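This is the structure I have questions about; it appears just below.
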Amino acid sequence: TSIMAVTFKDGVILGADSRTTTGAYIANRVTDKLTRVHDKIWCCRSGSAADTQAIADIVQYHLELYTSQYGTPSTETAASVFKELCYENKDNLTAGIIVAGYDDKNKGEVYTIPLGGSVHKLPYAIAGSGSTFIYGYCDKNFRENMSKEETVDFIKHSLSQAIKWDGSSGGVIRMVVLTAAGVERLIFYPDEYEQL
Amino acid sequence: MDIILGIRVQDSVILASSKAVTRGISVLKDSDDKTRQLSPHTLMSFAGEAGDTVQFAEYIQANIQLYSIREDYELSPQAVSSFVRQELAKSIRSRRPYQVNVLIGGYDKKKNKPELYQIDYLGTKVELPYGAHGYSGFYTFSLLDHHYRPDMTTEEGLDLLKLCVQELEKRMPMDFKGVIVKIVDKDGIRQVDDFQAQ
Amino acid sequence: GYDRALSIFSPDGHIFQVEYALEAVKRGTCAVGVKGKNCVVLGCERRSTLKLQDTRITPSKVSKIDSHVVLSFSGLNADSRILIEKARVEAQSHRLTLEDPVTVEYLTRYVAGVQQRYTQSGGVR
Amino acid sequence: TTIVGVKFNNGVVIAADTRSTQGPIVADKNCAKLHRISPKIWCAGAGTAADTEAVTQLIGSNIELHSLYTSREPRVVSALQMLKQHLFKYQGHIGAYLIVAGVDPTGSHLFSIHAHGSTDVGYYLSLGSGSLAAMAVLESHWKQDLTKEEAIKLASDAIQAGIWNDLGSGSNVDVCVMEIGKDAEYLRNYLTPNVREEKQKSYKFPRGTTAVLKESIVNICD
Amino acid sequence: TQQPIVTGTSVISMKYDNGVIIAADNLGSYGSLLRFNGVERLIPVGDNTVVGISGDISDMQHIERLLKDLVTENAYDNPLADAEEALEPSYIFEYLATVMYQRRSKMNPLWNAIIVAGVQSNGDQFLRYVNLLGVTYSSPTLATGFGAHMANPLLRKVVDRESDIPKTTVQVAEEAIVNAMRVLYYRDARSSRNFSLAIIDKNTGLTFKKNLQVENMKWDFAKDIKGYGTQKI
Amino acid sequence: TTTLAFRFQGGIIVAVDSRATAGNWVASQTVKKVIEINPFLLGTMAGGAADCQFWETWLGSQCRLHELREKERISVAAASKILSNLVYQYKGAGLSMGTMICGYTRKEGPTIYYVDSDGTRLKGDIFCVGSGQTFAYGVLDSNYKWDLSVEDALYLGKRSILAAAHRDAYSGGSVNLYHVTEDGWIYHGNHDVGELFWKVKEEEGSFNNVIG
Amino acid sequence: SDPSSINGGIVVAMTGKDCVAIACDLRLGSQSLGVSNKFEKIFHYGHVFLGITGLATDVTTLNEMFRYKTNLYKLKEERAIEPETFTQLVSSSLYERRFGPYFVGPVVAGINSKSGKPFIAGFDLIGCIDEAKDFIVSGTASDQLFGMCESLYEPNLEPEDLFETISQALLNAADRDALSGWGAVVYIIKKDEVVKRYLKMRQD
Amino acid sequence: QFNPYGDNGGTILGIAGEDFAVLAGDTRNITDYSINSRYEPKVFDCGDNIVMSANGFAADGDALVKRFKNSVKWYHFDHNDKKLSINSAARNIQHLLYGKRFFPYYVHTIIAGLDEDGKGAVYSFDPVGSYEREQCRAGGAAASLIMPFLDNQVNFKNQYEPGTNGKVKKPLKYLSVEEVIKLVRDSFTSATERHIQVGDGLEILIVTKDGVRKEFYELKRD
Amino acid sequence: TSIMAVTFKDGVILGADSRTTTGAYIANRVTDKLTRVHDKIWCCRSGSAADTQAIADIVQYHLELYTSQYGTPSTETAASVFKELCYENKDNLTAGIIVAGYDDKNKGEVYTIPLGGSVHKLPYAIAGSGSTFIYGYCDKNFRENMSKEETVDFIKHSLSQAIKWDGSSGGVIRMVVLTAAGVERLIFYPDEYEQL
Amino acid sequence: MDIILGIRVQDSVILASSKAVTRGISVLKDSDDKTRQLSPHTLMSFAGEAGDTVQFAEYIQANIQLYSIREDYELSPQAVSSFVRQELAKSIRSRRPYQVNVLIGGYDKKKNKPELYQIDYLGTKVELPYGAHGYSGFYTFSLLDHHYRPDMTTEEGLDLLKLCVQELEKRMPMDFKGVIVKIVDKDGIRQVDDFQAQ
């Protein structure tokens, strides 16, 4: 798996590959790893599919109940609920979640939650097995306040490299754009991104 | 391990049980009675794990005595054996199982028939003309397959136990220090006090 | 559970539920015991309000607690069975731990303890 | 154990503490850990004590023979090559960890050697349980172009850091100074900052305190 | 029972004549990956206490939230919460020590080593250590992890016993701390160049310094090092 | 440890050594391995020092409760079974106790019960328990008669512990002697093996084994 | 498990004024079982004395080995082996079996016949020479011996006083070890003569 | 796997006089081959003229002391400020230890004070609650070095009256507080020489009918 | 360890960090991992320092004997000697060698020899624990026939990123330039390459 | 394991050795002579691993017999024991060691003294007034410590072995099927053929 989320001028973009393997066999080549927990709060999932699916569903439940009582939750609050579940059940979970969201006040935000259940607010985040190969690339190429098109290009170039080298990554590059305008689903096929 | 033998003849069940109690490198006792009377006409012998063996036998004894008082009636050997089997079967899936093997020799006063039941620590019950627990069976069963007859007198039964004990004393590695022998018949339970030199 | 204080003190210092339990005993069929020099004899009466009973199977008023101890009573028959059962269980428990049957005083002290407990426990008469 | 090497402008100095241990017990309070490969090539060891002493004497022996055969002063690189090839062959089973230092016709040299056969080169080095304490001092005070006096001081301060702060190290500081032009000078017990205080009592017993069953004269002569 | 994932390395500290200094770098490692570079491992509590934490960062953040709750709870029904009944360094520590030992006794430790630095109300210096085992100890200098092996030796050359404390100044103490952070950057493979340093002084209060860097490093001698024995070029 | 107890014409002799060890380290030479439950009851200790010490002290409390409650001294059988049943509840938890419960009552006469942490409970006339039990058995069995004097019986117990103290590395220190009769237990002193060995060697002519 | 703890035993050596002392217990056991109380652990080759603790079969084998080697030494050299030189022979003989070592703790004691100088030394099982001016200890009660020696010892003791110190170091150390004791023997060694004394001790 | 135990080293020593008792212990605290503190007291005045040390794993030692101190506090609350006699403290500590029989306090505990006749008393504890009153006892890392020295010098073991042919033992004439202090100080310098976990400082608590007094002495720091 | 070798217009450049660790302790912070086996045939070493030193010394011996008999060996020949030692002793070795050399005919050449003892001729190669973090960067940034200055910049930037993310890498960046003009040693210190 | 006892009296050495050979659950033989004559006045008994025990004994026997013929002379008991110790000491660091424990009882004709040597499988030799191998020593050593005197007659030594064997027959868990007793003195080696009911 190769996943990332990048803040930019207008908000935030989540990116992911679509490959899930059991050993060397690709059990799913069109997986959707970009998961909605609220209107404009989404997450990228890595680790045990069972675990991250269960986590995300519980988080989505909490934020639905939060909204009913107290109105729209902040991205921080969503990250806090992920953290609470991951940290308190660290012995029985293998989950690496990136939480990304947009609200009008704070703009775009990215919180990464590694294996232990710690939380780290970052300008951008990368995770999944494929991410190791793009630490160098991303650190030399990321800039703050990029445009939507620049950010889409940064994610597309980054994940294409992660996919190129990581066997556990592949398929299509999915993105989810989060801004004041709303939510936009993007998808990029092998014939485009391999050529980069 | 400890020697536990049983034999049902025409009118009685005879139980023979070794006298040794050994811990490690030392024989602590050579006169141990590995048996409890559960009711006037039902006797149980036992062998297995150190503490479990007596704790189980006494617990069974207490329960059968309780029944006898409540009902003012002695349970049949078949009923007692079934109760014992169920208790063992419970323990095998419990936290710490009773590691105890038993023989139950009884005289059914309603049927006027002697009855011998072999039950292992798993709750494996079976009714037999003769029975053994542990390694002792590996010698005695074939011996008894040859010499046993169903119409034997109590005295012919005792002669047949002597043959079994002599074979065990010859071929078994352990010194089990002889046996205590008890007869269960229509008149109850008595001990053959002079088997050491009979 | 249900824990209502049914046995309580009244202003004059009586526990009416215990004293009313005695009235149940008064209604019960007569029972008598006398000690000899070498024996004890327990006598009870049987009613004649209804006759046509099977005496083979009808529970007798004298019950064995152990081979050496007996218990008779007067009062509620159903209540007596609970005491008798508990007495018999305790008798076997004693033989198991002490390796000796109960004294008559001890068996009595146990039964009396059970009865006492039901005078200051919640939810019971 | 704490051992260090320090290069200076015209040579190299090595030093070591003097504590030898068997587990938490101190066997020898004044062990000499500075061994000689050749007259002007000295050696300090850590790890399995028998292995360091044996391997230092074997290579020392072969180096002497080589020196005689070639009619040349022994070189530190030869000691290095012979030590590492021996140790590598035994795959770390010879638990010898050495700082080797000396001077030869090609100049002054300082190397470290690990049990599996790897070697390093440097201007200052430390090994043993007290390695980290000593290195902290070396990383705090080392500079390029040290004088002989400054290097002896620095090396000696580095061993002290091990003595006081490491439980595997203690007692005295031994030093050997190897200068290009001159003879190597071994400074046995260069410092003695751990003298045992005067005891509170004498435990000399009155004669006849010990009971004796039997007594006899032993024959040595023949 | 658990294993640490995201980790912080050494925390180092010492007392001086008028107070205490404590420092720790800004790194959250993930095994041998130097993953997070903006991690603050010094946690101030009020104006008189700084807690430095090494070990598992997820646990550090949990401990961080416990300390904020302590401040809140202390201010409840407490008119003297910012005066006589404010939190002392000793209270903060004893609380943490209790928790650390109870968690180890439950076979579920907070996988950390903690140093609580501060000044008590009477002016006394407070410096005490506690870790995942619940082990506690005080010393004129304290350090965790590699800092114990490399920093203590250097810091103990300045303050070797109790009597060296009144003789040691802030300037001398701070320089010694800063030098030790450089030494740890040289020889600890899980260290960062960027660190935070905190001074707690009985007169001048809490001075928290962020975004410090190791400077004045010696590397030039490396050019003269070639080969590993016999190579000349 | 070595401990023994045996019945004879004149009641019960009880003898124990006094050595404690942790591995090969000699922890103590002065451990009291007899516990005085009451004037007619003794218990011996072998195996885990804390386990024996703790649960036999507890046994004492349980025996004292029995007296108050039943207005009568507890039987040796009943006292031994309290401990047996307690130990059985812990079976598998890793308790380590080899124990003898020795005493006199009117009903039972002189009685000895072996009780151990496996849950084994045995009534008997002779028992030796502990790491040096075999050495004590060798000397006790080959010199035991029912019709020994109180003087000869006490000596036999003493000499049997000495035997084990000598040959068993984990036994030694001193010998503590007791004698139990209808009237109760009588302490017959602490006998240091340091002096007892050489005294016995000389007077008895035994232990040619050793350089005298 | 540990070949060094099966048989038990101790050896201790001390220097004094123009003298050395070396002592040992007499026990030979198998775990808890004591087997022999005659098992001496000190040997001598000419004027050089060697104590050996540890696995008994190796104690015997090594004694025979060094008897063998010091005999050939004397025939070739035409003189008796000296303590300094014998220490090196033991060290090199032990290291020869580096990866299959004798499970022993040898101790050398003697006086050089030329310089008159008292000499003691110890070794680990693979030959690392512990040279000490004051004392050397070995065996199952080595910790105890270290404690007694460090406390009791002082330099320049006369033979009569050294006997007391070494005897009492050994005795009290043995009595805190289950596997040591069962009798003891002490050698007081001078230039001209050597006295051997058997000590009275606990037999438990 | 998480190991809930550690080893903080150090050593403690308890000796009981005729009308006094001392409990001593070094002030060094270590982990592996590093010193944690040169001065971390482990011998405490618990009230009611009882001194106590629980040496080994310090976190268990502190917990035990803490619990025992609290036990003394509640004993006063629950029994009309009655003094906790030394024998009563000892039995109380047995139950504190045995309560954690299946997850033990990893310590050797020693307490000292006076008994109810004013005689000096020392009680020493097995890690799971086994105890006995003794004349002297060493505990901790160097216990195996100091105990035999105490057997010899406190209880006069293996010492006979000169000239009596080893038939008459040296009598058990008992020691003054001055003589006991000398043995304590000599024991701790001996242990500091030979055990790497012992040193830095010695702290002795002396108990008399007049209360508890403290004395401190420097030990070697290597 | 982070090591690489890059061919370019005039020849080839080897680059390496200077950190060797035992656990988390840096045993040497000024290691030289660029090892000469012949005048213009060098190697970058990764894995066991004992193994790679022993391998390089044996190779150096063979190439010295080869030269004495048959003249200057080709870079291919050097790689083969490395391979023969690594492949035939694969059970008892943990070595990742990159071999780089310049001759007049073939120009600059790079051969990488991974753990198993296989040989791969490449335009450039990266290896060591730090290499994982720069697969992305190096793939997007490498070009063939670069100039000396461009290749030095490429190695310097790549190794600064490897050092940045890998705790096992650090110290100085050493380089060795192999061309017709000869052999040039370069060194770059932290104050420079961390600023990139 | 097998019983191997030895005792040195005034003028002879007496070796007692058990007769049982047991494998697993069966006693295969009850008349096994666990001994070999090495020379006219030297006898060795043995116990240990199943095959190694007799293979070793016979190997030693052959070697001593070879020495006897070559030299026309009988090696002393001491010399034979030292030869045996070295052979055992060699095997312990070999590929597959001999797991055999022996007692060597001999009469030295030059000294006119009886001698008993105990040697274990490691090569641990020791000269004793009495000896045993395995668990049997745990019972006999204390017994002999008490009743042994160095000036005993051969008849008294045999009474003393009787007491050792009775203690083993009482307390050892194994049935070792009695012992074969042999006496070594100035007139050679003879077997006491009536120890079964002496």
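Think of it as A, B, C, D, E, F, G, H, I and J in the order they're written, each chain with its own count starting at 1.
FYI, a contact is a pair of C-beta atoms (placed from the backbone, for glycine too) under 8 Å apart; a residue touches a chain by one contact, two chains touch by 3 or more.
Here is each chain with its UniProt name: A, I = Proteasome subunit beta type-1; B, J = Proteasome subunit beta type-4; D = Proteasome subunit beta type-2; E = Proteasome subunit beta type-7; F = Proteasome subunit beta type-5; G = Proteasome subunit beta type-3; H = Proteasome subunit beta type-6.
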Number of hops, chain A to chain C, where each hop joins two touching chains: 4
Shortest chain-hopping distance from chain A out to chain G: 3
From chain A, the most remote chain by mean C-alpha position: J
B-F compared against E-H, more contacting pairs: E-H
Chain nearest the overall C-alpha centroid of the shown protein atoms: H
Gap in Å, rounded to a whole number, between the CA centres of chain B and chain A: 72
Separation of mean Cα positions, chain I and chain E [Å, integer]: 39
Intercentroid distance (Cα basis), chain I paired with chain C, Å: 98
Inter-chain centre distance, chain B versus chain D - centres from mean C-alpha coordinates, in Å: 76
Sequence positions of chain D contacting 2 or more other chains: 25, 84, 118-122, 132, 164-165, 203, 205-207, 209-214
Sequence positions of chain I contacting 2 or more other chains: 25, 30-32, 49, 53, 164-165
Sites on chain F at which at least two other chains make contact: 25, 134, 137, 166-167, 207, 209, 211
Chains grouped in pairs wherever the two touch, ordered by label: A-E, A-I, B-C, B-F, B-J, C-F, D-E, D-F, D-G, D-H, D-I, E-H, E-I, F-G, F-H, F-J, G-H, G-J
Complex contact set, residues of chain A against chain E: 87, 90-91, 114-120, 132
Contact set on chain F toward chain C in their complex: 70, 75, 77-78, 81-82, 85
Complex contacts: residues of chain F adjacent to chain H: 20, 25, 27-28, 30-32, 48-51, 53-54, 93-94
Chain E to chain I touching residues, read off their complex: 9, 29, 32-34, 146, 186-190, 193, 217, 219-223, 225-229, 231, 233
List of chain D residues in touch with chain G within their complex: 20, 22, 25, 27-28, 31, 49-50, 53-54, 93, 202-207, 209-218, 220
